[PDB]
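Here is how the chains run, residue by residue.
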Amino acid sequence: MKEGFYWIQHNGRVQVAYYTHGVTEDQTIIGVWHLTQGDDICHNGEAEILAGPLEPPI
Amino acid sequence: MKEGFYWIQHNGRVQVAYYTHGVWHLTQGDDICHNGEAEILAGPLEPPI
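Criteria and thresholds
Residues numbered from 1 in each chain as written, not as in the entry; some residues may be left out. Chains lettered and ligands numbered in written order. Heavy atoms only, no water. Residues with missing side-chain atoms left out of burial classes, pairs and counts. Contact = heavy atoms within 4.5 Å. Buried area = accessible area lost by both parts, 1.4 Å probe. Salt bridge = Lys/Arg side-chain N within 4 Å of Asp/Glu carboxyl O. Helix = DSSP H or I, 4+ residues; strand = E, 2+ residues; numbered from the N terminus. Buried < 20%, exposed > 50% of the residue type's maximum accessible area, 1.4 Å probe, protein only.

- Its PDB header attributes the entry to X-ray crystallography and lists the resolution as 1.8500 Å.

- In the PDB, the title recorded for this entry is "Function And Structure Research of Salmonella typhimurium Unknown Functional Protein MicN".

See the structure below:
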């Protein structure tokens, strides 16, 4: 529920993504996963949260 | 050095980005090459699984 970086798994890919409370109206969902590679995805269960939010080192 | 996720600072923004052979894949914004604009703070991060 907090904006930040998290380890997630999406289609078998373990990766770090950024989470924002972005609103996506197609049905409307709040929560967006910003990935390092690939299009953003709504927080609708396709991606599963493994850990986070990660504490930044500075 | 090795491909993986790293904490970097780019334009004052602390963030995790993916490094591949030298290019930085950022969560928001266009990819940027490793030319000194982005400074590596820590990594590569060990995945939890």
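### Observations concerning the interface of chain A and chain B
When the parts of a complex come together, some accessible area is lost, and that lost area is often used as the size of the interface.
Here's step 1: If you look at the interface, chain A gives 19 residues, while chain B gives 19 residues.
Here's step 2: For the chain A and chain B pair, buried surface summed over both sides reaches about 1500 Å², with 76% attributable to carbon and sulfur atoms.
Here's step 3: A per-residue breakdown of the area chain A buries against chain B is headed by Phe5(A), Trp7(A) and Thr36(A), which together make up 37% of the total.
Here's step 4: Where chain A packs against chain B, one counts zero salt bridges.

### Here's the deal with unusual backbone geometry
A negative phi angle is the norm for most residues apart from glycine, just as the trans form is the norm for most peptide bonds.
Here's step 1: Note that the residue after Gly52(A), namely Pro53(A), is joined by a cis bond; omega there is 0 degrees.
Here's step 2: Its location among the elements puts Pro53(A) in the segment after β5 (47-51).
Here's step 3: Geometrically, the link from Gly43(B) to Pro44(B) is a cis peptide bond, its omega value of 5 degrees lying close to zero.
Here's step 4: As for its position among the elements, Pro44(B) is in the segment after β5 (38-42).
Here's step 5: Phi is positive for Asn11(A), close to 55 degrees, though the residue is something other than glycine.
Here's step 6: Examined against the element boundaries, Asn11(A) turns out to sit in the loop between β1 (4-10) and β2 (13-25).
Here's step 7: In this structure, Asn11(B) is a non-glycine residue whose phi angle is positive, near 60 degrees.
Here's step 8: Given a relative accessible area of 67%, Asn11(B) falls into the exposed group.

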